[PDB]
$ cat protein.cif   # mmCIF, C-alpha atoms
data_run
#
loop_
_atom_site.group_PDB
_atom_site.id
_atom_site.type_symbol
_atom_site.label_atom_id
_atom_site.label_comp_id
_atom_site.auth_asym_id
_atom_site.auth_seq_id
_atom_site.Cartn_x
_atom_site.Cartn_y
_atom_site.Cartn_z
ATOM 1 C CA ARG A 111 21.467 -20.920 -5.032
ATOM 2 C CA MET A 112 25.279 -20.789 -4.899
ATOM 3 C CA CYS A 113 25.982 -17.169 -5.906
ATOM 4 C CA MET A 114 23.296 -15.919 -3.507
ATOM 5 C CA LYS A 115 25.370 -17.312 -0.610
ATOM 6 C CA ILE A 116 28.372 -15.320 -1.856
ATOM 7 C CA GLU A 117 26.176 -12.226 -2.103
ATOM 8 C CA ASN A 118 24.798 -12.835 1.411
ATOM 9 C CA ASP A 119 28.363 -12.827 2.726
ATOM 10 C CA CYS A 120 29.543 -9.898 0.562
ATOM 11 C CA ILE A 121 26.595 -7.549 1.134
ATOM 12 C CA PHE A 122 26.222 -5.171 4.062
ATOM 13 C CA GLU A 123 23.351 -2.721 4.422
ATOM 14 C CA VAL A 124 23.412 1.087 4.410
ATOM 15 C CA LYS A 125 20.788 2.551 6.755
ATOM 16 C CA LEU A 126 19.492 6.123 6.729
ATOM 17 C CA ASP A 127 17.645 6.941 9.974
ATOM 18 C CA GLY A 128 17.127 3.179 10.197
ATOM 19 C CA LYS A 129 15.723 2.834 6.659
ATOM 20 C CA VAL A 130 17.444 0.691 4.026
ATOM 21 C CA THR A 131 18.869 2.867 1.255
ATOM 22 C CA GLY A 132 21.498 0.654 -0.357
ATOM 23 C CA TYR A 133 24.400 -1.716 0.150
ATOM 24 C CA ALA A 134 28.224 -1.677 0.428
ATOM 25 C CA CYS A 135 29.623 -4.990 -0.826
ATOM 26 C CA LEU A 136 33.125 -6.056 0.221
ATOM 27 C CA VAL A 137 35.027 -6.676 -3.034
ATOM 28 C CA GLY A 138 38.659 -7.715 -2.810
ATOM 29 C CA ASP A 139 39.835 -5.462 0.008
ATOM 30 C CA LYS A 140 37.462 -2.605 -0.919
ATOM 31 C CA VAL A 141 34.130 -1.790 0.706
ATOM 32 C CA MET A 142 32.433 -0.691 -2.530
ATOM 33 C CA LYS A 143 29.708 1.759 -1.563
ATOM 34 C CA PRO A 144 28.125 3.968 -4.243
ATOM 35 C CA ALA A 145 28.464 7.653 -3.404
ATOM 36 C CA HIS A 146 24.787 8.430 -4.113
ATOM 37 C CA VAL A 147 23.727 5.867 -1.480
ATOM 38 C CA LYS A 148 22.806 8.068 1.489
ATOM 39 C CA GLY A 149 23.237 7.166 5.145
ATOM 40 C CA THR A 150 25.708 4.989 7.006
ATOM 41 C CA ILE A 151 26.725 1.340 6.822
ATOM 42 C CA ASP A 152 25.099 -0.960 9.380
ATOM 43 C CA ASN A 153 28.298 -2.834 10.296
ATOM 44 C CA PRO A 154 29.858 -1.168 13.384
ATOM 45 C CA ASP A 155 33.381 -1.668 11.991
ATOM 46 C CA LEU A 156 32.766 -0.611 8.383
ATOM 47 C CA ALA A 157 31.346 2.631 9.819
ATOM 48 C CA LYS A 158 34.730 3.351 11.435
ATOM 49 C CA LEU A 159 36.577 3.441 8.101
ATOM 50 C CA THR A 160 37.520 6.639 6.286
ATOM 51 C CA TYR A 161 36.400 6.567 2.662
ATOM 52 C CA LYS A 162 38.059 7.891 -0.489
ATOM 53 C CA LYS A 163 35.196 9.668 -2.266
ATOM 54 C CA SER A 164 34.679 10.046 -6.006
ATOM 55 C CA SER A 165 32.070 12.218 -7.723
ATOM 56 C CA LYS A 166 33.161 10.981 -11.166
ATOM 57 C CA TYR A 167 32.855 7.234 -10.545
ATOM 58 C CA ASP A 168 30.027 7.693 -7.994
ATOM 59 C CA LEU A 169 31.945 5.343 -5.725
ATOM 60 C CA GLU A 170 33.487 5.138 -2.266
ATOM 61 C CA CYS A 171 36.186 2.752 -1.094
ATOM 62 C CA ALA A 172 38.207 1.921 1.993
ATOM 63 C CA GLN A 173 40.555 -0.825 3.087
ATOM 64 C CA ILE A 174 38.353 -3.316 4.936
ATOM 65 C CA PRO A 175 39.593 -4.491 8.356
ATOM 66 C CA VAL A 176 41.887 -7.517 8.214
ATOM 67 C CA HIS A 177 39.072 -9.531 9.821
ATOM 68 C CA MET A 178 36.822 -9.037 6.788
ATOM 69 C CA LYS A 179 39.158 -10.086 3.955
ATOM 70 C CA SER A 180 38.147 -13.748 4.305
ATOM 71 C CA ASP A 181 34.475 -12.799 3.871
ATOM 72 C CA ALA A 182 34.990 -10.334 1.006
ATOM 73 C CA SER A 183 34.057 -11.604 -2.454
ATOM 74 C CA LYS A 184 36.412 -12.416 -5.314
ATOM 75 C CA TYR A 185 36.547 -10.011 -8.264
ATOM 76 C CA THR A 186 37.643 -10.478 -11.837
ATOM 77 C CA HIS A 187 38.780 -8.150 -14.607
ATOM 78 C CA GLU A 188 37.496 -10.740 -17.109
ATOM 79 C CA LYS A 189 34.170 -9.792 -18.731
ATOM 80 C CA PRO A 190 33.629 -12.121 -21.694
ATOM 81 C CA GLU A 191 30.442 -11.796 -23.719
ATOM 82 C CA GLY A 192 27.647 -13.965 -22.379
ATOM 83 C CA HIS A 193 25.714 -14.774 -19.223
ATOM 84 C CA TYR A 194 26.010 -13.254 -15.745
ATOM 85 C CA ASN A 195 24.260 -13.468 -12.377
ATOM 86 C CA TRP A 196 22.522 -10.954 -10.117
ATOM 87 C CA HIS A 197 20.227 -10.912 -7.090
ATOM 88 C CA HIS A 198 17.101 -10.050 -9.109
ATOM 89 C CA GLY A 199 17.600 -12.887 -11.571
ATOM 90 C CA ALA A 200 20.225 -13.196 -14.289
ATOM 91 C CA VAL A 201 22.020 -10.618 -16.422
ATOM 92 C CA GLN A 202 23.171 -10.582 -20.026
ATOM 93 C CA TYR A 203 26.378 -8.736 -20.902
ATOM 94 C CA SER A 204 26.472 -8.050 -24.636
ATOM 95 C CA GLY A 205 27.754 -5.285 -26.880
ATOM 96 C CA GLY A 206 29.621 -4.025 -23.826
ATOM 97 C CA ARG A 207 26.279 -3.453 -22.078
ATOM 98 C CA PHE A 208 24.872 -5.138 -19.008
ATOM 99 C CA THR A 209 21.160 -5.517 -19.687
ATOM 100 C CA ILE A 210 18.168 -6.718 -17.707
ATOM 101 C CA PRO A 211 14.405 -7.196 -18.129
ATOM 102 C CA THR A 212 12.288 -4.092 -17.577
ATOM 103 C CA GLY A 213 11.544 -3.263 -13.947
ATOM 104 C CA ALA A 214 13.782 -5.917 -12.379
ATOM 105 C CA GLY A 215 15.718 -3.086 -10.724
ATOM 106 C CA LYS A 216 13.977 -0.972 -8.102
ATOM 107 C CA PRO A 217 14.730 2.381 -6.443
ATOM 108 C CA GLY A 218 17.166 1.863 -3.649
ATOM 109 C CA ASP A 219 18.871 -1.513 -4.016
ATOM 110 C CA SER A 220 21.962 0.250 -5.380
ATOM 111 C CA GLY A 221 25.323 -1.376 -4.769
ATOM 112 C CA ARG A 222 24.406 -4.930 -5.721
ATOM 113 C CA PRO A 223 27.221 -6.818 -7.467
ATOM 114 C CA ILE A 224 26.912 -8.535 -10.785
ATOM 115 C CA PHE A 225 28.618 -11.935 -10.757
ATOM 116 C CA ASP A 226 30.096 -14.217 -13.383
ATOM 117 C CA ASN A 227 29.200 -17.918 -13.581
ATOM 118 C CA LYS A 228 31.964 -18.544 -11.003
ATOM 119 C CA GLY A 229 30.558 -16.124 -8.425
ATOM 120 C CA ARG A 230 33.184 -13.421 -8.990
ATOM 121 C CA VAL A 231 32.161 -9.766 -8.836
ATOM 122 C CA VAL A 232 32.238 -8.154 -12.274
ATOM 123 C CA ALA A 233 30.403 -4.893 -11.619
ATOM 124 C CA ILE A 234 28.545 -2.792 -9.069
ATOM 125 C CA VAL A 235 25.127 -1.652 -10.279
ATOM 126 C CA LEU A 236 24.170 2.032 -10.141
ATOM 127 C CA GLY A 237 20.849 2.193 -12.003
ATOM 128 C CA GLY A 238 19.486 1.623 -15.468
ATOM 129 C CA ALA A 239 17.821 3.003 -18.587
ATOM 130 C CA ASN A 240 14.839 1.194 -20.099
ATOM 131 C CA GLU A 241 14.852 0.451 -23.856
ATOM 132 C CA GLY A 242 11.608 -1.312 -24.745
ATOM 133 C CA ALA A 243 11.654 -4.802 -23.245
ATOM 134 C CA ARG A 244 15.165 -4.457 -21.769
ATOM 135 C CA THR A 245 17.017 -1.983 -19.579
ATOM 136 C CA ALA A 246 20.717 -1.312 -19.774
ATOM 137 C CA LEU A 247 22.475 -0.858 -16.432
ATOM 138 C CA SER A 248 24.466 2.041 -15.093
ATOM 139 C CA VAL A 249 27.403 0.165 -13.605
ATOM 140 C CA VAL A 250 30.770 0.610 -11.981
ATOM 141 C CA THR A 251 33.084 -1.854 -13.710
ATOM 142 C CA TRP A 252 36.829 -2.111 -14.102
ATOM 143 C CA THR A 253 39.609 -3.194 -16.458
ATOM 144 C CA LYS A 254 42.994 -4.664 -15.516
ATOM 145 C CA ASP A 255 43.864 -1.439 -13.704
ATOM 146 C CA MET A 256 41.059 1.139 -13.526
ATOM 147 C CA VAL A 257 37.367 1.655 -12.915
ATOM 148 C CA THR A 258 35.418 2.557 -16.083
ATOM 149 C CA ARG A 259 31.885 3.547 -15.065
ATOM 150 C CA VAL A 260 29.268 2.831 -17.735
ATOM 151 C CA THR A 261 26.234 5.118 -17.745
ATOM 152 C CA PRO A 262 23.902 5.301 -20.762
ATOM 153 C CA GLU A 263 21.559 8.163 -21.557
ATOM 154 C CA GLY A 264 18.133 8.135 -19.935
ATOM 155 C CA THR A 265 19.344 6.188 -16.900
ATOM 156 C CA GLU A 266 17.876 6.509 -13.412
ATOM 157 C CA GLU A 267 19.703 5.976 -10.128
ATOM 158 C CA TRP A 268 17.559 3.074 -8.896
ATOM 159 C CA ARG B 111 -10.318 -13.001 16.077
ATOM 160 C CA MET B 112 -10.531 -11.461 12.606
ATOM 161 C CA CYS B 113 -9.727 -8.022 14.067
ATOM 162 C CA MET B 114 -6.211 -9.249 14.933
ATOM 163 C CA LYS B 115 -5.280 -8.727 11.275
ATOM 164 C CA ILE B 116 -6.355 -5.078 11.453
ATOM 165 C CA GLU B 117 -4.803 -4.735 14.917
ATOM 166 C CA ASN B 118 -1.467 -6.207 13.791
ATOM 167 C CA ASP B 119 -1.418 -3.853 10.799
ATOM 168 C CA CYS B 120 -2.510 -0.866 12.921
ATOM 169 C CA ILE B 121 -0.158 -1.342 15.878
ATOM 170 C CA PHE B 122 3.428 -0.128 15.963
ATOM 171 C CA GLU B 123 5.608 -0.465 19.051
ATOM 172 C CA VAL B 124 6.786 2.569 21.008
ATOM 173 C CA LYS B 125 10.320 1.928 22.227
ATOM 174 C CA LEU B 126 12.301 3.423 25.099
ATOM 175 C CA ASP B 127 15.504 2.238 26.812
ATOM 176 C CA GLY B 128 15.418 -0.727 24.432
ATOM 177 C CA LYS B 129 12.000 -1.946 25.592
ATOM 178 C CA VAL B 130 8.320 -1.399 24.847
ATOM 179 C CA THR B 131 6.650 1.512 26.627
ATOM 180 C CA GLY B 132 3.313 1.162 24.803
ATOM 181 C CA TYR B 133 1.844 1.161 21.256
ATOM 182 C CA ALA B 134 0.828 3.575 18.452
ATOM 183 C CA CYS B 135 -2.013 2.891 16.013
ATOM 184 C CA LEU B 136 -2.996 4.015 12.506
ATOM 185 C CA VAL B 137 -6.604 5.156 13.007
ATOM 186 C CA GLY B 138 -8.076 6.631 9.840
ATOM 187 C CA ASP B 139 -5.680 9.287 8.566
ATOM 188 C CA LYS B 140 -4.047 9.883 11.981
ATOM 189 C CA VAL B 141 -1.500 7.916 13.935
ATOM 190 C CA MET B 142 -2.705 7.844 17.542
ATOM 191 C CA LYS B 143 -0.271 7.737 20.446
ATOM 192 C CA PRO B 144 -0.937 8.468 24.126
ATOM 193 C CA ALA B 145 1.042 11.456 25.367
ATOM 194 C CA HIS B 146 2.186 9.659 28.538
ATOM 195 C CA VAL B 147 3.787 6.922 26.385
ATOM 196 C CA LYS B 148 7.434 8.018 26.369
ATOM 197 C CA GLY B 149 9.922 6.975 23.705
ATOM 198 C CA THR B 150 9.773 6.808 19.924
ATOM 199 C CA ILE B 151 7.903 4.658 17.428
ATOM 200 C CA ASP B 152 9.875 1.730 16.031
ATOM 201 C CA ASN B 153 8.846 2.587 12.457
ATOM 202 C CA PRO B 154 11.156 5.325 11.074
ATOM 203 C CA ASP B 155 8.389 6.610 8.781
ATOM 204 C CA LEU B 156 6.338 7.404 11.895
ATOM 205 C CA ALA B 157 9.173 8.390 14.252
ATOM 206 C CA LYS B 158 10.268 11.134 11.824
ATOM 207 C CA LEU B 159 6.827 12.787 11.908
ATOM 208 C CA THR B 160 6.010 15.873 13.961
ATOM 209 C CA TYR B 161 3.001 15.342 16.212
ATOM 210 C CA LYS B 162 0.202 17.623 17.392
ATOM 211 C CA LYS B 163 -0.318 17.202 21.113
ATOM 212 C CA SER B 164 -2.903 17.762 23.839
ATOM 213 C CA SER B 165 -2.472 17.315 27.583
ATOM 214 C CA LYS B 166 -6.258 17.380 28.046
ATOM 215 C CA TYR B 167 -6.904 14.407 25.757
ATOM 216 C CA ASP B 168 -3.513 12.861 26.685
ATOM 217 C CA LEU B 169 -3.001 12.293 22.976
ATOM 218 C CA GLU B 170 -0.502 12.944 20.172
ATOM 219 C CA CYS B 171 -1.450 12.636 16.507
ATOM 220 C CA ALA B 172 -0.116 13.222 13.003
ATOM 221 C CA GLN B 173 -1.344 12.452 9.507
ATOM 222 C CA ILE B 174 0.395 9.229 8.464
ATOM 223 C CA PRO B 175 2.559 9.012 5.314
ATOM 224 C CA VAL B 176 0.398 8.509 2.228
ATOM 225 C CA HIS B 177 1.709 4.994 1.505
ATOM 226 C CA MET B 178 0.891 3.802 5.035
ATOM 227 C CA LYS B 179 -2.785 4.759 4.560
ATOM 228 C CA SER B 180 -3.337 1.374 2.884
ATOM 229 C CA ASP B 181 -2.725 -0.298 6.269
ATOM 230 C CA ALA B 182 -4.680 2.166 8.424
ATOM 231 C CA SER B 183 -7.707 0.926 10.369
ATOM 232 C CA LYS B 184 -11.316 1.976 9.816
ATOM 233 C CA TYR B 185 -12.559 4.205 12.651
ATOM 234 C CA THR B 186 -16.110 4.467 13.939
ATOM 235 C CA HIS B 187 -17.816 6.763 16.448
ATOM 236 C CA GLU B 188 -20.671 4.342 17.217
ATOM 237 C CA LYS B 189 -20.620 2.450 20.536
ATOM 238 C CA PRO B 190 -23.533 0.105 21.196
ATOM 239 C CA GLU B 191 -23.659 -1.525 24.609
ATOM 240 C CA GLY B 192 -22.236 -5.017 24.180
ATOM 241 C CA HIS B 193 -18.995 -6.867 23.502
ATOM 242 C CA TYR B 194 -15.879 -5.423 21.846
ATOM 243 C CA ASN B 195 -12.844 -7.177 20.378
ATOM 244 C CA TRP B 196 -9.384 -6.490 21.792
ATOM 245 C CA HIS B 197 -5.947 -8.155 22.078
ATOM 246 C CA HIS B 198 -6.000 -9.122 25.799
ATOM 247 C CA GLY B 199 -9.662 -10.280 25.707
ATOM 248 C CA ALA B 200 -13.279 -9.365 24.921
ATOM 249 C CA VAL B 201 -13.945 -5.789 26.019
ATOM 250 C CA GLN B 202 -17.454 -4.896 27.158
ATOM 251 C CA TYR B 203 -19.166 -1.513 26.882
ATOM 252 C CA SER B 204 -21.885 -0.830 29.444
ATOM 253 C CA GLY B 205 -23.456 2.357 30.769
ATOM 254 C CA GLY B 206 -21.047 4.511 28.773
ATOM 255 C CA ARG B 207 -18.002 2.727 30.215
ATOM 256 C CA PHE B 208 -15.374 0.377 28.829
ATOM 257 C CA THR B 209 -14.626 -2.540 31.135
ATOM 258 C CA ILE B 210 -12.430 -5.630 31.098
ATOM 259 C CA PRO B 211 -11.692 -8.671 33.311
ATOM 260 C CA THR B 212 -9.060 -7.504 35.777
ATOM 261 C CA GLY B 213 -5.571 -8.630 34.739
ATOM 262 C CA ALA B 214 -6.077 -8.472 30.943
ATOM 263 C CA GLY B 215 -4.889 -4.830 31.051
ATOM 264 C CA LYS B 216 -1.118 -4.998 31.735
ATOM 265 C CA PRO B 217 1.496 -2.245 32.419
ATOM 266 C CA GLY B 218 1.948 -0.706 28.944
ATOM 267 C CA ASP B 219 -0.510 -1.837 26.202
ATOM 268 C CA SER B 220 -1.444 1.895 25.990
ATOM 269 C CA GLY B 221 -2.465 2.696 22.383
ATOM 270 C CA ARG B 222 -3.913 -0.801 21.774
ATOM 271 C CA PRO B 223 -7.109 -0.340 19.674
ATOM 272 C CA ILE B 224 -10.523 -1.654 20.780
ATOM 273 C CA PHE B 225 -12.772 -2.960 18.009
ATOM 274 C CA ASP B 226 -16.512 -3.360 17.537
ATOM 275 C CA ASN B 227 -18.198 -6.479 16.129
ATOM 276 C CA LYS B 228 -17.512 -5.095 12.605
ATOM 277 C CA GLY B 229 -13.750 -4.727 13.101
ATOM 278 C CA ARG B 230 -13.884 -0.922 13.304
ATOM 279 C CA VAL B 231 -11.593 0.861 15.756
ATOM 280 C CA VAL B 232 -13.681 2.597 18.407
ATOM 281 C CA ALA B 233 -11.290 3.420 21.276
ATOM 282 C CA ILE B 234 -7.589 3.800 22.169
ATOM 283 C CA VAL B 235 -6.867 2.227 25.621
ATOM 284 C CA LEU B 236 -4.671 4.279 28.036
ATOM 285 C CA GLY B 237 -5.141 2.686 31.467
ATOM 286 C CA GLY B 238 -7.594 1.050 33.817
ATOM 287 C CA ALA B 239 -9.294 1.544 37.159
ATOM 288 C CA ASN B 240 -9.349 -1.294 39.675
ATOM 289 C CA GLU B 241 -12.977 -2.428 40.071
ATOM 290 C CA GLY B 242 -12.370 -5.820 41.632
ATOM 291 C CA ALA B 243 -12.716 -8.612 39.078
ATOM 292 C CA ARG B 244 -14.093 -6.229 36.416
ATOM 293 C CA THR B 245 -11.661 -3.317 35.941
ATOM 294 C CA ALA B 246 -12.794 -0.337 33.847
ATOM 295 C CA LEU B 247 -10.591 1.320 31.254
ATOM 296 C CA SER B 248 -9.448 4.890 30.836
ATOM 297 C CA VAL B 249 -9.983 5.519 27.138
ATOM 298 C CA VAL B 250 -9.537 8.098 24.397
ATOM 299 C CA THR B 251 -12.623 8.164 22.177
ATOM 300 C CA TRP B 252 -14.162 10.282 19.439
ATOM 301 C CA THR B 253 -17.618 11.539 18.546
ATOM 302 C CA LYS B 254 -18.492 12.313 14.942
ATOM 303 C CA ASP B 255 -16.464 15.506 15.373
ATOM 304 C CA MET B 256 -13.958 16.062 18.219
ATOM 305 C CA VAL B 257 -12.185 13.549 20.435
ATOM 306 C CA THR B 258 -13.381 13.063 24.016
ATOM 307 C CA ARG B 259 -11.463 11.391 26.844
ATOM 308 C CA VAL B 260 -12.890 8.908 29.359
ATOM 309 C CA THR B 261 -10.992 8.537 32.644
ATOM 310 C CA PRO B 262 -12.595 6.870 35.674
ATOM 311 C CA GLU B 263 -11.191 7.731 39.082
ATOM 312 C CA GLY B 264 -8.495 5.556 40.618
ATOM 313 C CA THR B 265 -6.991 4.770 37.221
ATOM 314 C CA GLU B 266 -3.522 3.316 37.347
ATOM 315 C CA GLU B 267 -1.899 4.788 34.211
ATOM 316 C CA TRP B 268 0.002 2.375 31.890
#
$ encode --input "protein.cif" --output "structure tokens"
Amino acid sequence: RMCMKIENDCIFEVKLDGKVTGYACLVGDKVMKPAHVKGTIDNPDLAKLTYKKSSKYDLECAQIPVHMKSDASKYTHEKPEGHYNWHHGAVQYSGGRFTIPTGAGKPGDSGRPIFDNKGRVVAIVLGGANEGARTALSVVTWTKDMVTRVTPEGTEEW
Amino acid sequence: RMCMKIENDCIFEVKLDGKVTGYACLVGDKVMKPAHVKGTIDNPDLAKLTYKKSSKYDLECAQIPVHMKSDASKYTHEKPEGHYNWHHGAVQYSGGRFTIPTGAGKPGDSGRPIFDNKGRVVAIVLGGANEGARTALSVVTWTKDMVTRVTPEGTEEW
């Protein structure tokens, strides 16, 4: 219930020719859009921004307008081992891996946050690789200072 | 009223200047749209198609995307004399003609499908001739093989 309201305020939708292709969540002061997500953001002001691209981290960012910084979601660098939250249910972070039940991620849908139990963004999801009953997630995540994209073998950009 | 399920799955709006011009319908494998109906389909998956066109039949068609074929309506070529289901009221077929109570046919509505008493699409309305209280409809229709167009004189086109 509670974290979904944070997601509903954080998320904005990327449309290609009018068709949903992914999302660009406002995190801190960054509009975190994955680079693989085709098309343009639906918000008329987020479409005005100029984005710093990255092929390595598969990520785009820009300073959000000063109007948006109240709506943008809180982040944290803290990723303790345990239980985390996501739109398609709940996530486990263990062994340094975000992991999810098989098929809970779907093509498109990229750019969803993962939240801690306080509703703070901890990662941006890029895809996942199935391993029996569980999939690991391809994820943008970050330390104190830097992004450190995680991307296991056999992953797909769902 | 059971045909309204099939009609509501078959119909897509055709939009111009921010308003409805008429309607397009999934009939068998083809999307049907009248050629006088200006604008574009609301559905991106249809609006991106390229359409084959005839000025004689006043018709534009394309094979619908394979996933949309689950929603497409069952066509039939058979037209017994009798009642037919439709959105603005019970159509009647008599003497080879489609006819309606005057007023049911409104500006636009072109592309609305007419259904037999089995829920099979049998005609694509285009316009109507004033016949007093019992207007008769200009209609695109098909035999077993090719399409054939019905157009009584004095049709107002809509």
$ closest_residue --input "protein.cif" --among "B:257, B:145, B:176, B:151" --to "residue B:236" --atoms "all atoms listed in the file"
B:145
$ closest_residue --input "protein.cif" --among "A:244, A:184, A:193, A:158" --to "residue A:229" --atoms "all atoms listed in the file"
A:184
$ resolve_selection --input "protein.cif" --expression "the PyMOL selection byres ((chain B) within 10 of (chain A))" --output "list in words"
residues 152, 153, 154, 155, 157 and 158 of chain B
$ write_last_selection --input "protein.cif" --atoms "C-alpha atoms" --output "compact mmCIF listing (two decimals), in the frame of the given file"
# COMPACT_ATOMS: atom_id res chain seq x y z
CA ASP B 152 9.88 1.73 16.03
CA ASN B 153 8.85 2.59 12.46
CA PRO B 154 11.16 5.32 11.07
CA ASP B 155 8.39 6.61 8.78
CA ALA B 157 9.17 8.39 14.25
CA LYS B 158 10.27 11.13 11.82
$ closest_residue --input "protein.cif" --among "B:165, B:173, B:248, B:150" --to "residue B:261" --atoms "all atoms listed in the file"
B:248
$ resolve_selection --input "protein.cif" --expression "the PyMOL selection byres ((chain A and resi 121) around 7)" --output "ChimeraX atom specification"
/A:117-120,122-123,133-136
$ residues_around --input "protein.cif" --residues "stretch 210-213 of chain B" --least-positions-apart "4" --cutoff "10 Å" --atoms "all atoms listed in the file" --output "PyMOL selection string"
chain B and resi 194+196+198-203+217+238-247
$ atom_distance --input "protein.cif" --atom1 "atom CA of residue B:260" --atom2 "atom CA of residue B:227"
21.0 Å
$ resolve_selection --input "protein.cif" --expression "the PyMOL selection byres ((chain A and resi 137) around 9)" --output "PyMOL selection string"
chain A and resi 120+135-136+138-142+179+182-185+223+231
$ residues_around --input "protein.cif" --residues "residue B:168" --least-positions-apart "6" --cutoff "10 Å" --atoms "only C-alpha atoms" --output "ChimeraX atom specification"
/B:143-147,236,249-250,259
$ write_last_selection --input "protein.cif" --atoms "C-alpha atoms" --output "PDB file, in the frame of the given file"
ATOM      1  CA  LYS B 143      -0.271   7.737  20.446  1.00  0.00           C
ATOM      2  CA  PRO B 144      -0.937   8.468  24.126  1.00  0.00           C
ATOM      3  CA  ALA B 145       1.042  11.456  25.367  1.00  0.00           C
ATOM      4  CA  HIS B 146       2.186   9.659  28.538  1.00  0.00           C
ATOM      5  CA  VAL B 147       3.787   6.922  26.385  1.00  0.00           C
ATOM      6  CA  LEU B 236      -4.671   4.279  28.036  1.00  0.00           C
ATOM      7  CA  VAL B 249      -9.983   5.519  27.138  1.00  0.00           C
ATOM      8  CA  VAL B 250      -9.537   8.098  24.397  1.00  0.00           C
ATOM      9  CA  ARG B 259     -11.463  11.391  26.844  1.00  0.00           C
TER      10      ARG B 259
END
$ closest_residue --input "protein.cif" --among "A:174, A:113, A:219, A:263" --to "residue A:161" --atoms "all atoms listed in the file"
A:174
$ atom_distance --input "protein.cif" --atom1 "atom CA of residue A:253" --atom2 "atom CA of residue A:171"
16.8 Å
$ closest_residue --input "protein.cif" --among "A:186, A:130, A:254, A:207" --to "residue A:225" --atoms "all atoms listed in the file"
A:186
$ closest_residue --input "protein.cif" --among "A:132, A:262, A:206, A:221" --to "residue A:169" --atoms "only C-alpha atoms"
A:221
$ atom_distance --input "protein.cif" --atom1 "atom CA of residue B:191" --atom2 "atom CA of residue B:258"
17.9 Å
$ decode --input "protein.cif" --residues "stretch 196-210 of chain B" --atoms "N, CA and C atoms" --output "compact mmCIF listing (two decimals), in the first residue's frame"
# COMPACT_ATOMS: atom_id res chain seq x y z
N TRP B 196 -27.18 -3.90 -34.07
CA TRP B 196 -26.33 -2.75 -34.33
C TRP B 196 -26.31 -1.88 -33.08
N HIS B 197 -25.39 -0.92 -33.04
CA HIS B 197 -25.23 -0.07 -31.83
C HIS B 197 -26.40 0.90 -31.66
N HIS B 198 -26.79 1.60 -32.74
CA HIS B 198 -27.83 2.65 -32.60
C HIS B 198 -29.24 2.07 -32.77
N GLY B 199 -29.38 0.74 -32.83
CA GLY B 199 -30.73 0.15 -32.90
C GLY B 199 -30.80 -1.05 -33.83
N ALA B 200 -31.92 -1.78 -33.80
CA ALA B 200 -32.08 -2.97 -34.64
C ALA B 200 -32.14 -2.58 -36.11
N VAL B 201 -31.13 -2.99 -36.87
CA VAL B 201 -31.15 -2.87 -38.32
C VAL B 201 -32.15 -3.88 -38.89
N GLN B 202 -32.70 -3.56 -40.05
CA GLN B 202 -33.51 -4.52 -40.80
C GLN B 202 -32.93 -4.63 -42.20
N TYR B 203 -32.94 -5.85 -42.73
CA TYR B 203 -32.59 -6.12 -44.12
C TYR B 203 -33.83 -6.58 -44.88
N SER B 204 -34.11 -5.92 -46.00
CA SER B 204 -35.34 -6.18 -46.74
C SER B 204 -35.13 -5.81 -48.20
N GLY B 205 -35.44 -6.75 -49.09
CA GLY B 205 -35.32 -6.52 -50.52
C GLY B 205 -33.91 -6.20 -50.97
N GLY B 206 -32.90 -6.74 -50.29
CA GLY B 206 -31.52 -6.45 -50.61
C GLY B 206 -30.97 -5.17 -50.03
N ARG B 207 -31.72 -4.51 -49.16
CA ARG B 207 -31.36 -3.20 -48.64
C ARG B 207 -31.25 -3.25 -47.12
N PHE B 208 -30.29 -2.49 -46.58
CA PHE B 208 -30.23 -2.24 -45.15
C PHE B 208 -30.97 -0.95 -44.83
N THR B 209 -31.75 -0.98 -43.76
CA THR B 209 -32.61 0.14 -43.41
C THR B 209 -32.73 0.25 -41.90
N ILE B 210 -33.00 1.47 -41.44
CA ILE B 210 -32.90 1.83 -40.03
C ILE B 210 -33.99 2.86 -39.74
